[PDB]
Amino acid sequence: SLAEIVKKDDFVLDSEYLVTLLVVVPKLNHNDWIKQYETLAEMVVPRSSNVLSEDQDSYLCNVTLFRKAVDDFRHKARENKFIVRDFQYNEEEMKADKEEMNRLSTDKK
Amino acid sequence: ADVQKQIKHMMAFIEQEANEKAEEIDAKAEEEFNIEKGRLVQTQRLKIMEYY
Amino acid sequence: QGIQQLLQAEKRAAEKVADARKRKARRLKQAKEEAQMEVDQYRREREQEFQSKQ
């Protein structure tokens, strides 16, 4: 879960024409995805590629694209060994899930 | 350069959207009410002859 | 940068939807009274058939 790593500035609002998907990229294919983020789909942003969080094996990045071009970007990235993890308004519900994780420990106690 | 051109092509995808978002209802509802105001010619012409 | 100019140019497209309501606001309103301007076509019909009554 990304209930603590979520940021409103890390995503692009007003999803009528533009939306930023949380794209996971590996450490080996970090440079290969940086030279193919503009060519993954049509009407995708070529300057929105920026790492949101980083791990030891892979790196999580944000990729702004069109509303109808998210499927074309996720299809080519799945062929390019990249995964696209969806993020929505349920991150505020995931913040209540951390409170529900505290309520589960409160109910267990 | 290419980071600006895809931004500038997105402005073109806004402009071709803006032509689609300013002419659909502006052509349809201008033909909708022409039937409706034409009905206002027809709905009066029954009764205004009936008073005659 | 590219992400902030995209939204204000989207407001340009969101200003042309305000014209997409306006040209069906004014045109709905102006010729609604032009449909009431055909009452004058009835006002000539009554007064000219006032003569056939006379």
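As stated in the entry header, the method of structure determination is cryo-EM and the reported resolution is 3.79 Å.

**Student:** Give me the lowdown on the interface of chain C and chain B, citing residues and values where you can.
**Tutor:** Contact with chain C, which involves nine residues of that partner, is made by nine residues of chain B. At the level of elements, α2 (17-22) and α3 (26-35) of chain C are the ones that each hand at least two residues to the side of chain C that touches chain B.

**Student:** Give a detailed account of the UniProt feature "coiled-coil region" in chain C, specifying residues and quantitative values.
**Tutor:** In the numbering used here, UniProt assigns the feature "coiled-coil region" to residues 3-52 of chain C. In the segment residues 3-52 of chain C, helix accounts for 82% and strand for 0%; the C-alpha atoms at its two ends are 75 Å apart.

**Student:** Can you tell me about the pairing of strand β3 (residues 58-65) of chain A, naming the residues and giving the values?
**Tutor:** Residues and elements named next belong to chain A. As paired elements, strand β1 (residues 19-26) and β3 share eight bridges and run antiparallel to each other. For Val 25, the partnering residue across the bridge sits in β3 and is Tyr 59. Looking at chain direction, strand β2 (residues 50-54) and β3 are connected through four bridges and run antiparallel. Paired with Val 51 across the two strands is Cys 61, which belongs to β3. Here β2 hands over to β3 after three residues, the two strands then running antiparallel side by side.

**Student:** Outline the arrangement of the chains, supporting the account with residue identities and numerical values.
**Tutor:** The interface with the highest contact count, out of two pairs of chains in contact, is the one between chains B and C. At their nearest point, the C-alpha atoms of chain A and chain C are still 7 Å apart, with no contact between the two.

**Student:** Kindly report on helix α1 (residues 2-51) of chain B, identifying the contributing residues and their values.
**Tutor:** Compared with an ideal rise of 1.5 Å per residue, which puts 50 residues at 74 Å, α1 of chain B spans 73 Å between its outermost C-alpha atoms and is within 8% of the ideal. Of all the bends in α1 of chain B, the greatest measures close to 25° and is centred on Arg 45 of chain B.

**Student:** So what's going on with the sheet that holds strand β4 (residues 83-85) of chain A? Residues and values would help.
**Tutor:** Residue and element names in this part refer to chain A. Strand order in the open sheet formed by four strands is β2-β3-β1-β4, with antiparallel pairing between adjacent strands. This sheet does not close on itself; its edge strands, each paired only once, are β2 and β4. Direction aside, neighbouring strands of the sheet carry axes that sit 35° apart on average.

Conventions we followed
- Residues numbered from 1 in each chain as written, not as in the entry; some residues may be left out.
- Chains lettered and ligands numbered in written order.
- Part of a larger assembly, values for the part shown.
- Heavy atoms only, no water.
- Residues with missing side-chain atoms left out of burial classes, pairs and counts.
- Contact = heavy atoms within 4.5 Å.
- Helix = DSSP H or I, 4+ residues; strand = E, 2+ residues; numbered from the N terminus.
- UniProt positions renumbered as here; feature names shortened; annotations may be inferred.
- Pairing = 2+ DSSP bridges.
- Expected span 1.5 Å × (residues − 1).
- Bend = angle between axes of the 7 residues up to and from the residue.
- Axes fitted to C-alpha atoms, helices over the stretch in contact; angles between N-to-C directions.

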